[PDB]
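Residue-level structural notes
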Amino acid sequence: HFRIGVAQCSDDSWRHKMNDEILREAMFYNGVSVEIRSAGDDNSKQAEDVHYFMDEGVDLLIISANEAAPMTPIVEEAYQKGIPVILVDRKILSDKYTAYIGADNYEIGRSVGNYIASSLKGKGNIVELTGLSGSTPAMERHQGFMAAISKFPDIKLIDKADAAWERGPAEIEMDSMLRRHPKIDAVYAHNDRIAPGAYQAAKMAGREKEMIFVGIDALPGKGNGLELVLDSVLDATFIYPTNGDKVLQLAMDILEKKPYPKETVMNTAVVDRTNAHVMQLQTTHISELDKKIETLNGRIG
Amino acid sequence: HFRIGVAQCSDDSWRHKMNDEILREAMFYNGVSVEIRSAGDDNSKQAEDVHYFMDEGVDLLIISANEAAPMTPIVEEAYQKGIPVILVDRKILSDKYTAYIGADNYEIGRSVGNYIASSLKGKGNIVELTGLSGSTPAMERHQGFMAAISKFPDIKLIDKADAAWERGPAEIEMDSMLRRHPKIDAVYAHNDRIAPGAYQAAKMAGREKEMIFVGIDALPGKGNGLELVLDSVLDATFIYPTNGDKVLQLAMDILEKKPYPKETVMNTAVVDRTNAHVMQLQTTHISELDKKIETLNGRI
Ligand SMILES: OC[C@H]1O[C@](O)(CO)[C@@H](O)[C@@H]1O
Ligand SMILES: OC[C@H]1O[C@](O)(CO)[C@@H](O)[C@@H]1O
Ligand SMILES: [K+]
Ligand SMILES: [K+]
Ligand SMILES: [K+]
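**So, the pattern of salt bridges**
Tallied over the entire structure, the rule returns 31 salt bridges over all chains. Across the pair A:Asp185 and A:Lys183 runs a salt bridge whose closest N-O atoms are separated by 3.1 Å. Looking at A:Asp185, the relative accessible area reads 14%, which means it is buried. Owing to a relative accessible area of 46%, A:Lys183 belongs among the partly exposed residues under this scheme. In this structure, B:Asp159 engages B:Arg180 in a salt bridge whose closest nitrogen and oxygen atoms are separated by 2.7 Å. Here the residue B:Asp159 occupies a position in strand β7 (residues 155-162), and B:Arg180 occupies one in helix α6 (residues 167-180), the gap between them amounting to 21 residues. Given the relative accessible area of 14%, B:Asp159 is considered buried. In the salt-bridge network here, residues are joined through shared partners; they are A:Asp12, A:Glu166 and A:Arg193.

Dropping the structure here:
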């Protein structure tokens, strides 16, 4: 009845959570088939996945653009070929798409800069470990953060490196920063996978108590951001919401020719020591309501 | 297949949430029938309800003993007769029962005490408005509180009254306290219904900015504790969880002759300005996962 293609820039616990949220919302609509592919952080594979979804003539395309520039031509094709395109989370560099949904990455950066400036009482040295440079969240996470800390002449960005969203490059790059900078008061990590990597670099150099750690994503579950705050590894992290259900509702509104917003902006919030506990109690319950919905879906058919 | 009778002491938004969770959890077991009654805060009516559940031969009894003494023989009776009894939230005076489930009312009390002492920097006058004196949560919430504030020589409890769990008495009692006490630094309310009562008495006397208000329950939804924090009426409230799902799973474990603990202590946490936002984000997401279950359950 309706087939949807999800072209996803990568695969990890954040994507996993969004995917499952989409599929879970699918079963509330009669007919709809959702197919999902990961690009494993590679622009070619993501083209291949988009071309694949175009060959299969899917009714709608959901994509998160790995890097902005290289993927622009490829999304434009799907658009001129008449297929409706939903951009999630990451953006492209033109307006040739049907609808955008995501959280404001610039404002998150701004929030990160303000939180650090407040915590360091207006004075200190920050190092930044970014996501993949050409992706729109890494760009904006940096811009917003620079905008915020410009208002504090004694908060200084003294080093920056591209960690490609991952813990591996984060560790090496943080090693280089520690070696070259005796005074570091804060690490700004673009996600909660970069963050533990930098921390482990600091831990191992006997210097993790000299600085605060800030990340983005704030997922519940083992190995994720919330847990890192509760474990006193991260001082703060910002909710980067997956909202898989609202993504599918958008798809359905478009397909079923219901009205829709062309742009849906989602909110963030800071998560830290003061609020990590109540958040965990609540997400723990969410997990339970989820497996209830999965048990209840299995009993149908 | 199995019949469970639930003898609730009260009816209100807190009880209703637990009642809904219990019913929703029962949909997941085959042939489990749950009948829920409210005593309307009356011991005789609650005695009747248990007696009724006994007469129709329920397989298990869930009870929140309105007051502890009046309800002990009745519970002791249903137990010796061989019906398993689950005590929820409130307790009776003796140990003769199958299992208890609730949160730690004493430690909630202690947390309130610590929170007020910290917020007032170890100096100030507190008024306390208790739940129904003869109920165990009210005894325990007061006693935990005394334990905490005993460690601060400059914190005084200057007045105390039995607000009987409700806004009405709370508002009259606060009113009196305000007239006799020119300096009040904090109000300790035993629940999120007593608190807005105390608050309105203060607001109407032009004094709400002089003190902090601390409550218990911290429920989501219009007119409850989370909203009161969000709206800056309540400075803090503590989570007193309902977890009707856990309550019914405990019933099923006993009836299915599966292993179960006699004592189940559930989690509390403080809710205030610093966490109310992520709190409400999560509950708002929880609330629609419920509508997503009413839909699915209502397609079977
Ligand atoms: O789009 C940026 C987002 O991508 C992720 O790496 C998920 O793959 C997140 O950690 C980050 O917030
Ligand atoms: O058992 C004490 C609890 O009972 C209630 O009054 C609801 O009936 C709550 O407000 C309070 O926390
Ligand atoms: K600066
Ligand atoms: K640290
Ligand atoms: K106040």
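**Here we look at the site of ligand 2**
All names here are of chain B. Around ligand 2, 13 residues are found, and the nearest of them are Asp 12, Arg 15, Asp 89, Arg 193 and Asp 217. Side-chain polar atom of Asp 12 to an oxygen atom of ligand 2: 2.8 Å apart, as the coordinates give it. Interatomic distance of 2.5 Å between a side-chain N/O atom of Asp 89 and an oxygen atom of ligand 2. Across the complex, the protein chains shield 100% of the 320 Å² of accessible surface that ligand 2 would expose by itself. Breaking the shell around ligand 2 down by element, the ones donating at least two residues are α1 (13-26) and α5 (136-149). Of the residues belonging to the shell around ligand 2, the class tally is four nonpolar, two polar and seven charged. Built from parts of two domains, the shell around ligand 2 gets at least three residues from each of domain 1 (1-104 + 243-268) and domain 2 (105-242).

**Comments concerning the sheet that holds strand β9 (residues 212-217) of chain B**
Residue and element names in this part refer to chain B. Strand order across the open sheet formed by six strands is β7-β6-β8-β9-β10-β12, with mixed pairing between neighbours. At either margin of the open sheet sits one strand with a lone partner, and together these are β7 and β12 (270-272). Averaged over neighbouring strand pairs, the angle between their axes works out to 20° when direction is ignored. As paired elements, strand β6 (residues 124-130) and β7 share seven bridges and run parallel to each other. Bridging from a neighbouring strand, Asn 125 pairs with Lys 156 of β7. Where helix α4 (residues 105-119) meets the sheet, its contacts fall on β6, β7, β8 (186-189), β9, β10 (236-239) and β12, and the angle it forms with β9 comes to roughly 160°.

**Observations regarding the coordination of the potassium ion (ligand 5)**
Bound to the potassium ion (ligand 5) on the protein side are B:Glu208 (O) and B:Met211 (O), at distances that span 2.9 to 3.0 Å. On the basis of relative accessibility, which here comes to 5%, the residue B:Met211 falls in the buried class.

**Considering a negative patch on the surface**
All names here are of chain A. On the surface, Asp 11, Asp 41, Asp 42 and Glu 48 cluster together to form a negatively charged patch. With respect to the secondary-structure elements, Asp 41 resides in the loop between β2 (33-38) and α2 (43-55). Given the relative accessible area of 38%, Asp 41 is considered partly exposed.

**Here's the deal with the nonpolar core**
Judged by nonpolar contacts, the single largest core of 67 residues is most densely connected at A:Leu129, A:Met174, B:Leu129 and B:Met174. Residue contacts for B:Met174: discarding those within four places in its chain leaves B:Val127, B:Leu129, B:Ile184, B:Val187, B:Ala198, B:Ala201 and B:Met211. Judged by nonpolar contacts, the second largest core, of 42 residues, contains A:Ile62, A:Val88, A:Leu248 and A:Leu255.

**A short note on the site of ligand 1**
All names here are of chain A. If you check the shell around ligand 1, you find 13 residues, and the closest are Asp 12, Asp 89, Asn 191, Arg 193 and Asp 217. Here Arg 90 contributes a side-chain N or O atom positioned 2.9 Å from an oxygen atom of ligand 1. A distance of 2.8 Å is found between an oxygen atom of ligand 1 and a side-chain nitrogen or oxygen belonging to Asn 191. Look at ligand 1: alone it shows 320 Å² of surface, and the protein chains cover 100% of it. Elements that contribute at least two residues to the shell around ligand 1 include exactly α1 (13-26) and α5 (136-150). Among the residues forming the shell around ligand 1, the class breakdown is four nonpolar, two polar and seven charged. Looking at which domains feed residues into the shell around ligand 1, each of domain 1 (1-104 + 243-268) and domain 2 (105-242) supplies at least three.

**With respect to the coordination of the potassium ion (ligand 3)**
All names here are of chain A. Donor atoms from the polypeptide that bind the potassium ion (ligand 3) are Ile 149 (O), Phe 152 (O) and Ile 155 (O), placed at 2.7 to 2.8 Å. Taken in chain order, the donor set of the potassium ion (ligand 3) reads I-x2-F-x2-I. For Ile 155, a relative accessible area of 4% gives the class buried.

**Observations concerning the UniProt feature "binding site: beta-D-fructose" (unreviewed entry) in chain B**
All names here are of chain B. UniProt annotation of "binding site: beta-D-fructose" (unreviewed entry) refers to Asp 12, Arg 15, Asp 89, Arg 90, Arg 141, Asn 191, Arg 193 and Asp 217 when read in the numbering used here. Positionally, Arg 15 belongs in helix α1. Each residue touching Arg 15, except ones within four places of it in the same chain, is listed here: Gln 8, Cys 9, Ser 10, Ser 64, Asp 89 and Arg 90. A distance of 3.2 Å separates polar atoms of two side chains, one belonging to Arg 15 and the other to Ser 64. Residue contacts for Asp 217: discarding those within four places in its chain leaves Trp 14, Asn 191, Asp 192, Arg 193, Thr 237, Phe 238, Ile 239 and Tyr 240.

**Brief notes about unusual backbone geometry**
A negative phi angle characterises most non-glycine residues, just as the trans form characterises most peptide bonds. Positioned with a positive phi, A:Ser232 is a non-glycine residue whose angle comes to about 65°. Mapping A:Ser232 onto the fold places it in the loop between α8 (225-230) and β10 (236-239). Unusually for a residue other than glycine, B:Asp41 sits at a positive phi of about 65°. With respect to the helices and strands, the residue B:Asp41 is situated in the loop between β2 (32-38) and α2 (43-55).

**Some points on the interface of chain A and chain B**
Counting residues at the interface gives 26 residues for chain A, matched by 28 residues for chain B. The element that contributes the greatest number of residues to the side of chain A that touches chain B is helix α10 (residues 276-299) of chain A, accounting for 16 residues. Each residue belonging to the side of chain A that touches chain B can be placed in one class, and the counts come to 12 nonpolar, nine polar and five charged.

**Examining the domain arrangement of chain B**
When cut into domains, chain B gives domain 1 (1-104 + 243-268), domain 2 (105-242) and domain 3 (269-300). Placing a centre on the C-alpha atoms of domain 1 of chain B and another on those of domain 3 of chain B gives a separation of 25 Å.

**A few points about the domain arrangement of chain A**
Residue and element names in this part refer to chain A. Per the domain assignment, the segments making up chain A are domain 1 (1-104 + 243-268), domain 2 (105-242) and domain 3 (269-301). With centres defined by C-alpha atoms, the gap from domain 1 to domain 2 works out at 28 Å. Opposite the 19 residues of domain 1 that make contact, domain 2 presents 20 residues. Regarding the contact of domain 1 and domain 2, the summed buried area is about 1,900 Å², with carbon and sulfur atoms giving 52% of it. Broken down residue by residue, the surface that domain 1 buries against domain 2 is led by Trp 14, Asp 104 and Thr 268, which jointly contribute 35%. Remark: the boundary between domain 1 and domain 2 carries two salt bridges. Among the salt bridges present, the one from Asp 12 reaches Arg 193, with a minimum N-O distance of 3.5 Å.

Conventions used here
- Residues numbered from 1 in each chain as written, not as in the entry; some residues may be left out.
- Chains lettered and ligands numbered in written order.
- Heavy atoms only, no water.
- Residues with missing side-chain atoms left out of burial classes, pairs and counts.
- Salt bridge = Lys/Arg side-chain N within 4 Å of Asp/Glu carboxyl O.
- Buried < 20%, exposed > 50% of the residue type's maximum accessible area, 1.4 Å probe, protein only.
- Helix = DSSP H or I, 4+ residues; strand = E, 2+ residues; numbered from the N terminus.
- Near = heavy atom within 4 Å.
- Polar contact = N/O pair within 3.5 Å; in protein donor to acceptor, adjacent residues only side chain to side chain.
- Areas by Shrake-Rupley, 256 points an atom, 1.4 Å probe, with all protein chains shown as cover.
- Nonpolar A, V, L, I, M, F, W, Y, C, P; charged D, E, K, R; others polar.
- Domains from an automatic or database assignment.
- Pairing = 2+ DSSP bridges.
- Axes fitted to C-alpha atoms, helices over the stretch in contact; angles between N-to-C directions.
- Contact = heavy atoms within 4.5 Å.
- Donors = N, O, S within 2.8 Å, 3.2 Å for Na, K, Ca; no water.
- Patch = residues over 30% accessible without salt bridge, like charges linked within 9 Å, V, L, I, M, F, W, Y side chains within 5 Å.
- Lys, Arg positive; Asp, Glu negative; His and termini not counted.
- Charge placed at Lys NZ, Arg CZ, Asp CG, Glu CD.
- Core = buried A, V, L, I, M, F, W, Y, C linked by side-chain atoms within 4.5 Å.
- UniProt positions renumbered as here; feature names shortened; annotations may be inferred.
- Buried area = accessible area lost by both parts, 1.4 Å probe.

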